[PDB]
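Since the structure comes first, as structure tokens, the remarks are kept for the end.
Number of protein chains: 2
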Amino acid sequence: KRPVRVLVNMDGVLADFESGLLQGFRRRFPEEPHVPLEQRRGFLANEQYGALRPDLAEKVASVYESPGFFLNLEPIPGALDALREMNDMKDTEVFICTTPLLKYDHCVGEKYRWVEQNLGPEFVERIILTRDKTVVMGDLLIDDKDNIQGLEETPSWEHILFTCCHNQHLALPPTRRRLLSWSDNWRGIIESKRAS
Amino acid sequence: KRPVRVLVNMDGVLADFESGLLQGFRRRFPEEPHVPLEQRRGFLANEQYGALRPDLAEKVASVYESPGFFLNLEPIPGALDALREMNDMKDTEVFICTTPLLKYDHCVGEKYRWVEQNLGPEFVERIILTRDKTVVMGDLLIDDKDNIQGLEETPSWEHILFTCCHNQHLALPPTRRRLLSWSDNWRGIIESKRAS
Ligand SMILES: O=c1ccn([C@H]2C[C@H](O)[C@@H](COP(=O)(O)O)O2)c(=O)[nH]1
Ligand SMILES: O=c1ccn([C@H]2C[C@H](O)[C@@H](COP(=O)(O)O)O2)c(=O)[nH]1
Ligand SMILES: [Mg+2]
Ligand SMILES: [Mg+2]
């Protein structure tokens with residue numbers, strides 16, 4: 004009966020944060036050690052750089068804290084096509100669910116403009132900003148972060164782990180489902196939820 | 004057992020949108036007819052001005068679309084004290100739930116900064132931006148808008164209508180509860196939900 008509501012995360016799922024961060028880092032700090040994408044481990048890139056050398060955490064953070072960083076991210080391959088297709092499905096509801104930096108200044112407005120520019124005004128209406136995704140109601144949350152925590156102990160959604168460089172090597176119990184890319188069968192996953 | 008989660012709306016509840024809009028309108032359009040606060044009817048002030056004279060809708064909208072408008076709103080009387088007290092209550096969870104203008108440019112960043120400045124960094128962590136409040140999970144939604152609509156037919160929260168100039172005269176069925184101001188007994192309302 005109900006439409007299936009799909010919460011789609013922004014960084015790592017629609018917007019290519021990892022590519023944008025590396026390219027920005029190499030351009031700004033061309034003499035510093037970097038972490039190639041294939042070597043990324045763990046959600047927070049600043050913490051990986053920090054573990055390489057403590058001051059690199061602040062340097063890498065200065066890249067994503069800069070004006071224009073979020074504005075100019077390239078889309079994840081296939082994301083715009085998939086989201087448009089998903090959005091057009093009957094009895095299917097799409098929201099974009101994104102966590103802004105606590106340093107919100109050059110992040111929150113740029114995320115709105117990114118959606119307007121890469122997807123369209125129609126998608127801006129479906130943006131949800133939150134630091135706690137567990138209080139947002141949906142059937143699915145497609146998100147590259149491995150451990151999603153918040154105040155709601157049993158969220159209404161099932162978390163589908165979207166594959167990204169930083170979570171590629173992560174071993175998950177078989178109860179946890181992954182989306183390998185937008186070319187993996189996200190449609191079937193949506194149908195699995197309609198069925199229950 | 005559960006904490007009680009309270010969603011507190013921003014415009015009309017924490018931030019004095021109506022006062023700020025009238026003062027901005029009289030300062031910018033000193034020769035135009037205005038709507039005194041006591042005469043406000045209906046949620047959308049632009050539509051009331053528009054019904055007075057069609058071009059006044061665009062003039063009044065230009066006020067809340069201006070840089071600095073959201074940044075500089077004065078707090079609703081008693082709001083900062085009540086939210087701090089509420090936030091400190093045991094087994095009580097507070098989020099700030101606000102709908103940004105579709106013209107997001109001078110709205111979304113300014114709302115974040117407003118919370119940082121009037122409440123504090125600790126409250127910025129609890130901001131939720133959404134155009135659909137029905138998909139946010141809470142026990143209460145304290146909100147001045149009279150008809151809250153969205154995709155979720157039966158929201159998890161009970162809507163407590165926060166009294167504002169524009170909804171003062173609105174007749175509500177007795178099943179709908181109101182908060183007359185922050186000096187009305189919002190604590191008791193929270194206890195009524197803990198009880199169920
Ligand atoms: O190295 C990193 C990686 C991500 N983030 C923050 C940036 C975004 O604000 C937020 C992305 O969160 P998600 O919505 O993708 O969970 O994570 C960082 O601060 N540092
Ligand atoms: O005359 C008005 C009154 C309010 N709003 C918009 C401004 C805010 O973005 C939003 C406030 O929504 P709430 O979160 O308070 O429901 O309403 C207008 O566009 N015009
Ligand atoms: Mg992400
Ligand atoms: Mg309001």
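Top line first, the protein sequences correspond to chains E and H.
With the UniProt record's numbering applied, the first sequence corresponds to residues 4 to 199, in that order.
With the UniProt record's numbering applied, the second sequence corresponds to residues 4 to 199, in that order.
Even for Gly, the Cβ is constructed at its ideal location relative to N, Cα and C.
Counting only C-beta atoms, is E/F20 closer than 9 Å to chain H at any point?
Locating residue 20 of chain E in the first sequence gives position 17, counting from the first residue. Judged by the 9 Å Cβ criterion, E/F20 is not in contact with chain H.
8 Å contact criterion, which H/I130 and H/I163 should meet: CB distance rounded
In the second sequence, residue 130 of chain H corresponds to position 127, counting from 1. In the second sequence, residue 163 of chain H corresponds to position 160, counting from 1. That pair is no contact at about 20 Å.
Using a C-beta to C-beta distance shorter than 8 Å, which residues of chain E count as neighbours of H/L105?
One-based indexing of the second sequence puts residue 105 of chain H at position 102. What H/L105 touches in chain E: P124, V127 and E128.
Run down chain H in chain order and give the residues with a C-beta less than 7 Å from the C-beta of E/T133.
Locating residue 133 of chain E in the first sequence gives position 130, where the first residue counts as 1. Per Cβ cutoff of 7 Å: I131.
Please say whether H/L17 and residue 204 of chain H have beta carbons closer to each other than 9 Å?
Missing from the structure shown is residue 204 of chain H; chain H here goes from 4 to 199 and no further.
Chain-ordered neighbours of E/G112 on chain H, where CB pairs are closer than 8 Å
Numbered from 1 along the first sequence, position 109 holds the residue referred to as residue 112 of chain E. The answer, in chain order, is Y107, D108, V111 and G112.
Residues near ligand 4, CB to any non-hydrogen atom under 6 Å, in chain order?
H/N12, H/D14, H/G15, H/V16, H/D146, H/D147 and H/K148
Can you give me the C-alpha to C-alpha distance between residue 1 of chain H and H/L24, rounded to a whole angstrom?
An answer regarding residue 1 of chain H cannot be provided, because it is not within the stretch 4 to 199 covered by chain H.
Should E/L132 and H/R8 be called a contact, given that it needs their Cβ atoms to be closer than 9 Å?
Residue mapping note: residue 132 of chain E aligns to position 129 of the first sequence, counting from 1. Residue mapping note: residue 8 of chain H aligns to position 5 of the second sequence, counting from 1. No, the pair does not count as a contact, with Cβ atoms beyond the cut-off.
Does the distance between the C-beta of E/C168 and the nearest non-hydrogen atom of ligand 1 fall short of 8 Å?
In the first sequence, residue 168 of chain E corresponds to position 165, counting from 1. The answer is no for E/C168.
With a threshold of 9 Å between beta-carbons, can H/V9 be considered close to chain E, or not?
If you number the second sequence from 1, residue 9 of chain H lands on position 6. Taking Cβ atoms only, chain E never reaches closer than 9 Å to H/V9, which makes this a no.
Within the continuous alpha helix (DSSP H) that includes H/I192, where are the two ends?
For the purposes of this step, residue 192 of chain H is identified with residue 189 of the second sequence, where counting begins at 1. That run of the alpha helix (DSSP H) goes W189 to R197.
Grouping DSSP H, G and I as helix and E and B as strand, with all else coil, what is E/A18?
Along the first sequence, read from residue 1 onward, the residue named residue 18 of chain E stands at position 15. Strand at E/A18.
Output, in sequence order along the chain, the residues in the segment 135-146 of chain E whose CB is closer than 9 Å to any CB in chain H.
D135, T137, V138, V139, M140 and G141
Minimum C-alpha distance to H/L59 - residue among H/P80, H/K106 and H/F28:
As a working note, residue 59 of chain H is residue 56 in the second sequence. Taking only the C-alpha atoms, the option nearest H/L59 is H/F28.
Is any heavy atom in ligand 2 found nearer than 8 Å to the beta carbon of H/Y67?
In the second sequence, residue 67 of chain H corresponds to position 64, counting from 1. It does: the Cβ of H/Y67 is within 8 Å (strictly closer) of some heavy atom of ligand 2.
H/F165: first and last residue of the uninterrupted beta strand (DSSP E) it sits in
Walking along the second sequence from the start, residue 165 of chain H turns up at place 162. That run of the beta strand (DSSP E) goes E161 to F165.
Whole-angstrom Cβ separation of residue 276 of chain H and H/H169, contact assumed at under 8 Å?
Any question about residue 276 of chain H goes unanswered here, given that chain H covers just 4 to 199.
Provide the residue(s) that pair with E/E68 in DSSP beta bridges, ordered along the chain.
Within the first sequence, the letter at position 65 stands for residue 68 of chain E. DSSP lists no partner for E/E68.
Whether H/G15 touches H/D187 by CB criterion (9 Å):
Indexing the second sequence from 1 puts residue 15 of chain H at position 12. Indexing the second sequence from 1 puts residue 187 of chain H at position 184. No; because the gap between Cβ atoms is not below 9 Å, this pair is not in contact.
Quick check on this structure: which residue in H/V118, H/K148, H/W189 and H/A198 has the alpha carbon closest to the alpha carbon of H/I99?
On the second sequence, position 96 is the one that residue 99 of chain H refers to. Closest option to H/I99, Cα to Cα, is H/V118.
Would you say E/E21 and E/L47 are within 9 Å of each other, going by their C-beta atoms?
The residue given as residue 21 of chain E occupies position 18 in the first sequence. The residue given as residue 47 of chain E occupies position 44 in the first sequence. Contact flag unset, no.
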